[PDB]
Structure formats: C-alpha cells, structure tokens
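Heads up, the thing below is written out as structure tokens.
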Amino acid sequence: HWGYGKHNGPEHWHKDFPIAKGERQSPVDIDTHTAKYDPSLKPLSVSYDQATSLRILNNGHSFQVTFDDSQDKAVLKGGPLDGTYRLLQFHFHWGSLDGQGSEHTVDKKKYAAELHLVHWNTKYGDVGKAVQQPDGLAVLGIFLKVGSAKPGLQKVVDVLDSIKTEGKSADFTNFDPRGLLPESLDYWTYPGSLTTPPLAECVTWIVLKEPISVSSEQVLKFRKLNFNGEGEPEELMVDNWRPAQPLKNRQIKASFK
Ligand SMILES: [Zn+2]
C-alpha cells in the first residue's frame with residue numbers, strides 16, 4: 001500500500017516499516033564541507049563489460065532494468081567495499097520538475113533525478129539474504145541534471161511507452177550500463193539503507209560527485225510513466241523520491257580532495 005502520495009508517502013512508511021526512524025536511514029544530505037577526504041579509500045572498480053541485461057519493468061514505484069546476477073558478470077569492488085558485489089538492477093528516482101527528484105542532496109541542492117545501480121555481496125549468496133546484513137548491498141548513486149542528452153540512456157527512454165503502467169515489463173537484452181556513467185568515479189560514501197520499503201539498513205552507499213546530463217526530452221519520457229495499473233485512474237509517476245533523512249552518528253567520507 002506504500003507509495004509517494006499524501007496518504008501513503010514517506011511520512012507514512014514508518015507505520016509498516018518502523019526502521020524508517022532508524023539509525024542509518026537513506027538518503028541523506030551530503031554536506032561537502034563536512035565530508036572528510038579519506039586517503040585510505042580505494043578507487044572504485046566498476047566491471048560491467050560482461051553485463052547481461054534481461055528485462056525492463058514498471059514496478060509501480062519506478063522502472064527497473066534487471067540483470068543476470070547468477071554469476072560474476074557485472075561487479076562492483078574496491079572503493080569502501082570488502083569483496084565482490086554483483087549488479088542486480090538499476091532504476092531511477094525523479095521529479096515533476098527539474099528542481100527536484102534526487103534522493104541524496106549536495107549542500108541541500110536537489111538534482112532532477114538519481115540513478116541507483118544496485119549490487120549485492122556475493123558472500124551472502126542471494127539478494128534476499130544480503131538485505132538482512134549490514135554490508136549486504138552496495139548502491140552506486142548517480143545524479144542527473146538536465147542539459148545535453150545522454151546517448152547511452154536513449155535505448156531506455158525509447159521503450160518506456162511499452163511499460164507505462166504498473167506490472168508491465170518488456171525484453172531488454174544487450175543494454176550496456178557503462179553508457180550511464182559520468183567520466184569521474186570520485187565519490188562520497190556512508191552506511192545507509194534502502195530508500196524504499198522495507199528500508200533495510202543493509203547498504204553501503206557510493207554516490208558519485210559528477211552528475212550525468214540528460215535532455216529535457218529524456219526526462220519528460222520518465223514523467224509520462226504511471227504509478228497506477230492499467231484501468232485505474234491515471235496518476236503520473238513523478239516525485240518518486242524519499243527526502244533526506246537524519247545523518248545521526250554517521251560520517252560521510254570523500255574519495256577525493
Ligand atoms: Zn533507488
């Protein structure tokens with residue numbers, strides 16, 4: 001029953017998911033002046049050359065592109081991480097207008113959207129077990145600003161008309177997620193949570209400093225999706241972001257000076 005509306009949105013989630021008021025919730029505001037450069041942090045290793053995308057799905061909260069995670073084909077390592085994390089899916093959060101949509105913020109600045117590339121720690125064997133562990137998941141977060149088009153996003157944009165409503169999916173093979181990355185892998189990192197129910201406190205967040213640019217036409221296509229199922233009153237899938245949560249006793253570390 002949870003969603004992003006007045007009666008089921010983020011301010012309501014704690015009733016079914018009390019960890020919503022926990023000690024390591026996401027997203028957060030990244031205060032750039034307070035984040036500590038950590039020279040012990042390693043470069044991130046993003047190994048997506050053998051990625052195998054499977055499907056694209058409207059799940060009623062976002063759209064997601066799903067990958068074969070049954071072998072080490074597209075993996076995240078290094079950075080703040082110990083061990084190997086397999087790419088399972090990516091999805092986005094976005095706004096009704098360009099001045100909101102991101103989940104993380106940077107010195108209170110909201111971006112138009114935020115891409116989450118979701119990975120799970122192979123030492124737990126499957127994602128269901130990983131979400132029960134404090135180091136179970138690593139989510140790579142990438143901000144989107146509106147300007148020039150992102151060519152590597154266009155294949156995604158062009159199939160969204162086929163998954164307009166909740167429950168629709170389509171074949172989405174041979175998609176290369178490397179086409180969604182910025183030039184720099186400079187990042188901030190902190191321990192946090194899933195940003196949607198069940199809000200499990202299982203995520204090492206890795207948020208890239210450099211946004212990607214997408215065009216107004218690309219983000220407009222996101223905003224034509226629907227939260228509702230076919231047949232139900234049409235409610236545009238916009239503003240599917242959770243606001244910044246209290247940092248509490250956490251330190252955000254920077255990979256860069
Ligand atoms: Zn997300």
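Following the order of the structure tokens, first chain is A, next is B, and so on, with residues numbered from 1 inside each chain and ligands from 1 in the order they appear.
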Nearby residues (only C-alpha atoms) at most 12 Å from residue 18 (chain A), same-chain spacing under 5 positions excluded, as a VMD selection string: chain A and resid 10 to 13 23 25 197 to 201
Selection: 10 Å around residue 174 (chain A), only C-alpha atoms, excl. self and same-chain fewer than 5 positions, as a ChimeraX atom specification: /A:50-54
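Among all protein and nucleic acid residues, the ones that lie within 7 Å of ligand 1 when counting only C-alpha atoms and all ligand atoms are residues 91, 92, 93, 115, 116 and 195 of chain A.
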Distance of CA of residue 98 (chain A) from CA of residue 231 (chain A), expressed in Å to one decimal place: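 It comes out at 28.9 Å.
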Residue contacts of residue 218 (chain A) (10 Å, only C-alpha atoms) excluding same-chain residues fewer than 5 positions away, as a PyMOL selection string: chain A and resi 146+148-151+153-154+156-158+223
Best match for closeness to residue 89 (chain A) among A:119, A:33, A:209, A:155, counting only C-alpha atoms: A:119
Between CA of residue 78 (chain A) and CA of residue 55 (chain A), distance in Å (one decimal): 27.7 Å
With only C-alpha atoms as the counted atoms, please give the residues lying no more than 9 Å from residue 42 (chain A), apart from itself and same-chain residues fewer than 3 positions off, as an mmCIF file with C-alpha atoms, in the first residue's frame.
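The resulting file, out.cif, is reproduced below:
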data_model
loop_
_atom_site.group_PDB
_atom_site.id
_atom_site.type_symbol
_atom_site.label_atom_id
_atom_site.label_comp_id
_atom_site.auth_asym_id
_atom_site.auth_seq_id
_atom_site.Cartn_x
_atom_site.Cartn_y
_atom_site.Cartn_z
ATOM 1 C CA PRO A 39 43.126 8.830 1.608
ATOM 2 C CA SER A 45 36.266 -0.872 -9.541
ATOM 3 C CA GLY A 78 37.080 -1.688 -4.285
ATOM 4 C CA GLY A 79 36.208 1.779 -3.059
ATOM 5 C CA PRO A 80 34.976 1.285 0.553
ATOM 6 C CA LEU A 81 33.921 -2.318 -0.136
ATOM 7 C CA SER A 255 37.393 9.613 -2.114
#
Shortest interatomic distance to residue 117 (chain A) - which of A:185, A:211, A:142, A:60, counting only C-alpha atoms: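 So, comparing all the options, the nearest one is A:142.
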Which residue of A:141, A:43, A:5, A:243 approaches residue 110 (chain A) most closely, using only C-alpha atoms: A:243
Top pick for closest residue to residue 242 (chain A), considering A:3, A:229, A:147, A:177 and counting only C-alpha atoms: A:3
DSSP-assigned alpha helix (DSSP H) among region 31-255 of chain A, expressed as a VMD selection string: chain A and resid 127 to 130 154 to 157 216 to 222
Can you write out the residues you just picked, keeping N, CA, C and O atoms, as a PDB file, in the first residue's frame?
ATOM      1  N   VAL A 127      20.318 -12.075  -2.968  1.00  0.00           N
ATOM      2  CA  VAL A 127      19.971 -10.733  -2.548  1.00  0.00           C
ATOM      3  C   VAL A 127      19.059 -10.737  -1.317  1.00  0.00           C
ATOM      4  O   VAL A 127      19.191  -9.853  -0.478  1.00  0.00           O
ATOM      5  N   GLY A 128      18.152 -11.709  -1.201  1.00  0.00           N
ATOM      6  CA  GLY A 128      17.275 -11.828  -0.031  1.00  0.00           C
ATOM      7  C   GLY A 128      18.048 -11.997   1.275  1.00  0.00           C
ATOM      8  O   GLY A 128      17.685 -11.447   2.326  1.00  0.00           O
ATOM      9  N   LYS A 129      19.132 -12.772   1.235  1.00  0.00           N
ATOM     10  CA  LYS A 129      19.986 -12.930   2.415  1.00  0.00           C
ATOM     11  C   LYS A 129      20.812 -11.656   2.632  1.00  0.00           C
ATOM     12  O   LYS A 129      21.043 -11.233   3.753  1.00  0.00           O
ATOM     13  N   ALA A 130      21.278 -11.053   1.534  1.00  0.00           N
ATOM     14  CA  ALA A 130      22.119  -9.856   1.600  1.00  0.00           C
ATOM     15  C   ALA A 130      21.362  -8.693   2.258  1.00  0.00           C
ATOM     16  O   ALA A 130      21.973  -7.921   2.985  1.00  0.00           O
ATOM     17  N   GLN A 154      19.271   6.561 -24.184  1.00  0.00           N
ATOM     18  CA  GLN A 154      18.187   6.656 -25.130  1.00  0.00           C
ATOM     19  C   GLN A 154      17.479   5.311 -25.319  1.00  0.00           C
ATOM     20  O   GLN A 154      16.259   5.298 -25.492  1.00  0.00           O
ATOM     21  N   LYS A 155      18.221   4.191 -25.330  1.00  0.00           N
ATOM     22  CA  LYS A 155      17.562   2.882 -25.513  1.00  0.00           C
ATOM     23  C   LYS A 155      16.516   2.634 -24.408  1.00  0.00           C
ATOM     24  O   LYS A 155      15.464   2.004 -24.655  1.00  0.00           O
ATOM     25  N   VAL A 156      16.796   3.142 -23.203  1.00  0.00           N
ATOM     26  CA  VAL A 156      15.858   3.025 -22.095  1.00  0.00           C
ATOM     27  C   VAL A 156      14.620   3.879 -22.360  1.00  0.00           C
ATOM     28  O   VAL A 156      13.487   3.403 -22.276  1.00  0.00           O
ATOM     29  N   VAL A 157      14.844   5.161 -22.653  1.00  0.00           N
ATOM     30  CA  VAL A 157      13.778   6.145 -22.899  1.00  0.00           C
ATOM     31  C   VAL A 157      12.814   5.607 -23.965  1.00  0.00           C
ATOM     32  O   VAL A 157      11.607   5.725 -23.838  1.00  0.00           O
ATOM     33  N   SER A 216      15.947  17.360 -21.637  1.00  0.00           N
ATOM     34  CA  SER A 216      14.574  17.578 -21.225  1.00  0.00           C
ATOM     35  C   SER A 216      13.662  16.521 -21.869  1.00  0.00           C
ATOM     36  O   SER A 216      12.774  16.012 -21.225  1.00  0.00           O
ATOM     37  N   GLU A 217      13.904  16.147 -23.137  1.00  0.00           N
ATOM     38  CA  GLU A 217      13.048  15.149 -23.774  1.00  0.00           C
ATOM     39  C   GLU A 217      13.186  13.778 -23.093  1.00  0.00           C
ATOM     40  O   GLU A 217      12.222  13.030 -22.993  1.00  0.00           O
ATOM     41  N   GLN A 218      14.395  13.428 -22.648  1.00  0.00           N
ATOM     42  CA  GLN A 218      14.623  12.154 -21.966  1.00  0.00           C
ATOM     43  C   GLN A 218      13.871  12.123 -20.626  1.00  0.00           C
ATOM     44  O   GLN A 218      13.172  11.172 -20.331  1.00  0.00           O
ATOM     45  N   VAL A 219      14.029  13.168 -19.811  1.00  0.00           N
ATOM     46  CA  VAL A 219      13.362  13.169 -18.512  1.00  0.00           C
ATOM     47  C   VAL A 219      11.834  13.301 -18.693  1.00  0.00           C
ATOM     48  O   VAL A 219      11.060  12.727 -17.896  1.00  0.00           O
ATOM     49  N   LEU A 220      11.362  13.990 -19.747  1.00  0.00           N
ATOM     50  CA  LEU A 220       9.936  14.073 -19.987  1.00  0.00           C
ATOM     51  C   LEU A 220       9.342  12.674 -20.157  1.00  0.00           C
ATOM     52  O   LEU A 220       8.199  12.424 -19.753  1.00  0.00           O
ATOM     53  N   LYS A 221      10.092  11.770 -20.794  1.00  0.00           N
ATOM     54  CA  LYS A 221       9.609  10.415 -21.004  1.00  0.00           C
ATOM     55  C   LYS A 221       9.454   9.663 -19.675  1.00  0.00           C
ATOM     56  O   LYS A 221       8.515   8.917 -19.473  1.00  0.00           O
ATOM     57  N   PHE A 222      10.355   9.904 -18.719  1.00  0.00           N
ATOM     58  CA  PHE A 222      10.198   9.337 -17.384  1.00  0.00           C
ATOM     59  C   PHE A 222       8.860   9.765 -16.770  1.00  0.00           C
ATOM     60  O   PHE A 222       8.165   8.988 -16.147  1.00  0.00           O
TER      61      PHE A 222
END
Counting only C-alpha atoms, the residue of A:225, A:194, A:139, A:65 that sits nearest residue 164 (chain A): A:225
Counting only C-alpha atoms, the option among A:190, A:2, A:37, A:63 closest to residue 226 (chain A):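 Answer, going by the shortest atom-to-atom distance: A:63.
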Per-residue DSSP, region 116-237 of chain A, filtered to strand (DSSP E or B), as a PyMOL selection string: chain A and resi 116-121+137-146+169-171+187-192+203-208+212-214+226+236
Residues within 6 Å of residue 144 (chain A), only C-alpha atoms, excluding chain neighbours under 4 positions, as a ChimeraX atom specification: /A:112-114,211-213
Could the residues in this selection be saved with C-alpha atoms as a PDB file, in the first residue's frame?
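So out-v2.pdb came out as:
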ATOM      1  CA  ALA A 112      16.379  16.401 -11.433  1.00  0.00           C
ATOM      2  CA  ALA A 113      16.846  12.672 -10.932  1.00  0.00           C
ATOM      3  CA  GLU A 114      19.044   9.978  -9.390  1.00  0.00           C
ATOM      4  CA  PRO A 211      26.341  14.189 -12.403  1.00  0.00           C
ATOM      5  CA  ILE A 212      25.383  12.968 -15.844  1.00  0.00           C
ATOM      6  CA  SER A 213      23.450  15.292 -18.143  1.00  0.00           C
TER       7      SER A 213
END
Residue 21 (chain A) surroundings by only C-alpha atoms, 9 Å radius, close-in-sequence under 4 positions cut, as a list in words: residues 14, 17, 25, 245 and 246 of chain A
I need the chosen residues saved as a short mmCIF file (atom, residue, chain, number, x, y, z; two decimals), in the first residue's frame, with N, CA, C and O atoms.
data_model
loop_
_atom_site.label_atom_id
_atom_site.label_comp_id
_atom_site.auth_asym_id
_atom_site.auth_seq_id
_atom_site.Cartn_x
_atom_site.Cartn_y
_atom_site.Cartn_z
N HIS A 14 6.87 4.64 8.22
CA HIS A 14 7.27 4.10 9.50
C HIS A 14 6.19 3.21 10.15
O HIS A 14 6.54 2.39 11.00
N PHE A 17 6.90 -0.02 8.50
CA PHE A 17 8.34 -0.28 8.44
C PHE A 17 9.03 0.60 9.48
O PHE A 17 9.58 1.65 9.14
N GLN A 25 19.43 5.50 8.11
CA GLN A 25 18.48 5.62 7.01
C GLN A 25 19.05 6.49 5.88
O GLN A 25 19.83 7.38 6.07
N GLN A 245 17.09 12.08 5.15
CA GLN A 245 16.86 11.60 6.49
C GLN A 245 17.98 12.04 7.42
O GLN A 245 19.08 12.39 7.00
N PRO A 246 17.76 12.00 8.76
CA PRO A 246 18.78 12.46 9.69
C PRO A 246 20.08 11.64 9.59
O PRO A 246 20.05 10.40 9.57
#
Exercise: residue 126 (chain A) partners within 10 Å, only C-alpha atoms, chain neighbours under 3 positions left out, as JSON, numbers by chain: {"A": [69, 70, 86, 120, 121, 122, 123, 129, 130, 131, 136]}
